[PDB]
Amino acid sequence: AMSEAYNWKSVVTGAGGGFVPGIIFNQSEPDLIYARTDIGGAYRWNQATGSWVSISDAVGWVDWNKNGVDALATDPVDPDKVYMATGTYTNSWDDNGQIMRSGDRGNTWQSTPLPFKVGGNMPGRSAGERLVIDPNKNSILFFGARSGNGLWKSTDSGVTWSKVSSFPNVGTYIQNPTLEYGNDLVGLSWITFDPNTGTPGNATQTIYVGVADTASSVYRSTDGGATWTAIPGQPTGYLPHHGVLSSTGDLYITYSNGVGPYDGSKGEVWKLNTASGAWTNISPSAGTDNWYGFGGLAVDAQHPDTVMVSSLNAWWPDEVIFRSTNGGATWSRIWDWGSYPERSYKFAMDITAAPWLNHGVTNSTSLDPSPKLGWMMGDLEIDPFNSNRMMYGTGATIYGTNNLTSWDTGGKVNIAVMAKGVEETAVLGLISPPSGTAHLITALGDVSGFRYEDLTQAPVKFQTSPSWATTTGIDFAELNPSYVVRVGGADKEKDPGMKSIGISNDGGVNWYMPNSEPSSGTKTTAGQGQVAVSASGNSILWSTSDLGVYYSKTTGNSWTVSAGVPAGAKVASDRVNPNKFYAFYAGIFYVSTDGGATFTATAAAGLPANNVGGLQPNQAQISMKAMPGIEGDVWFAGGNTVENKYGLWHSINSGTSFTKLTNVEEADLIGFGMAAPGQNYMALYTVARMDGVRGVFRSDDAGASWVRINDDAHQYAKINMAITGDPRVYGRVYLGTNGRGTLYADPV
């Protein structure tokens, strides 16, 4: 099981590109901050570099659900210690979560299984804090769980966990109650200690818990969690999102009529004076002036009469942050209406670290700000050692400021991208062109994808004309690589004239939309699917998501149904012969020699069919590519264990027959890069299991032997997304992920 040392690095996006539901400051050590994501693990801040370091890259293929980080706690007594509650909801039986523990700030981890599921991907994932460490006796932790599992506790520093049977209310609210197998209780929403009620080494006695139950949502124990009471006088009707106890004694709570991160059309903010028992409604807006939940909540530890909250979600014209310096008695908004439609602003956005966050819309107007302040602002935090620093997560990035108190003196708060080092995108495709200025073009969920000349530079340009959220396929003409085609999902309710295909003749720098798209009767395709471009660029083959496979030899001025190939097929172009395309579906390989107009099933046998047991079409793992420079040389990776058809196959006769490589016991992806010096065949790059070892492997000898090029510290979870080499850089691999962005790596 030979390995070769490689340097693994992120292809930079600057902003991260996904949802950050939690930012967690340590309450005792200045500049110790963590960030948790829903699909891509967690991070620790580095003040010296102003950037984040992943603490999750050892998570691998089997244990991938550890990157669903539902909660995180950082120990205020021993700040080397950090813990996380991780897992996702799936359909699988026994897909339980775990509590992970680290004694070195997340450099290394140990894990304890829980007997129930954790929902790092589920609604309410930005509520918190749901995992907490007792600030007086740090061997005590509590976890507020989903699905009726209630309140759980450890008294041995997270090693073993047990249910707190006396907790009286496991939750009643369900986001989707009549939904089939989505009948799941949200559960507990947050836990907050009163640190004045313990002493060093002795358990904190007063604990507050918020529960997703609109009729009874706030509980207190005064005996360390032995017994619990619903607090008298509490408000009813809404769902608590955060509860923060200021050192003044005021417990602040944000409420919404949803749990987040999307739903929330009404909300309130309350405080409880914990000494006097009096509750006050301090909501910044009410009635028809409130059309959003309140989500994020922060108290300024250095100035604990200062509190801020965010909308979740106001949507239009933007979100709102509200700031009070008098305990909620009065609030200032971060923007106000002037003479309508104009607005006045207390902030300025700086996206120089990720200029694509303007989405290619350069003019920022009052009713259409670009960039927006944010969205999905479920978590807002003030640095407990610096009242001038705030950070918040959005659905795309982490924003923050270092001049927050300028708000109070009439200056503008400068809000900048504060996500350097974070990469959270899901990668649907990668191409590395063999000439031109770009080494890589990515196809991404949510933020479309980007073109790189320099892999270390945050993209300047968002992909527009067409503009969409998710690129599902991309290809280029091998023998005319300036010609690039991407397909995706245009949002036609927002822009009825947007197309789901974009074409470039300048290498992907600028795009245009063709005059037509595939249609059937009165139905025009919704797009998506996969695309292949002929070697010359004279034909585009689009395996649409909804209408099946179409081709165009007219640059998209018209589209014609392809004969002989089933809807949903995987498609690929020959890299030499412009008339030759390949397709694959359900264990059948197809070839066209008329530019995609007609396909024939070949005699190729033994490829996986994805049609046994319960297997669903979204489960099919298939990676099929033809080799640059050699007509009819086709590699295929994928399959599964239930069919006993999993591995890497090679054809040298245009798919007429395939031979399974006997030295690759499972494989999921294949890609090619520059031949090694002295060798005559392009290097191969695969995601595979080799003799029991899962990883990323390179072959310099056409698959006769393989060397592992990742390692146990650089695994990136379920890496079944995309891989390619670089035709101009020997040894370089580009690896897609589902939640860690794109990596590039080169031999040491």
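In case it trips you up, residue 1 is the first one in the sequence shown, and so on.
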Report task. Could you settle it for me: does 338 to 346 or 200 to 208 have the higher average Cα B factor in the PDB entry? Result -> 338 to 346
Report summary line: Higher avg CA temperature factor (104 to 112 vs 520 to 528, as deposited) belongs to 520 to 528
Query raised in the report: Quick one: which of 296, 628, 606, 393 has the biggest Cα B-factor according to the entry?
Result: 606
Requested in this report: Tell me, please, which of 618, 126, 311, 138 has the highest C-alpha B factor according to the deposited entry?
Outcome: 618
Report task. Would you check the entry's CA temperature factor for residue 695 and let me know if it's in the chain's lowest, middle or highest third? Result -> middle
Report task. Select lowest, middle or highest to describe the third in which the CA B-factor of residue 161 falls within its chain in this entry. Result -> middle
Query raised in the report: Lowest, middle or highest third of the chain for the C-alpha temperature factor of residue 66?
Result: middle
Report summary line: For residue 505, the third of its chain by CA B-factor is the lowest
Report task. Please rank the C-alpha B-factors of the chain's modelled residues and tell me whether residue 537 sits in the lowest, middle or highest third. Result -> highest
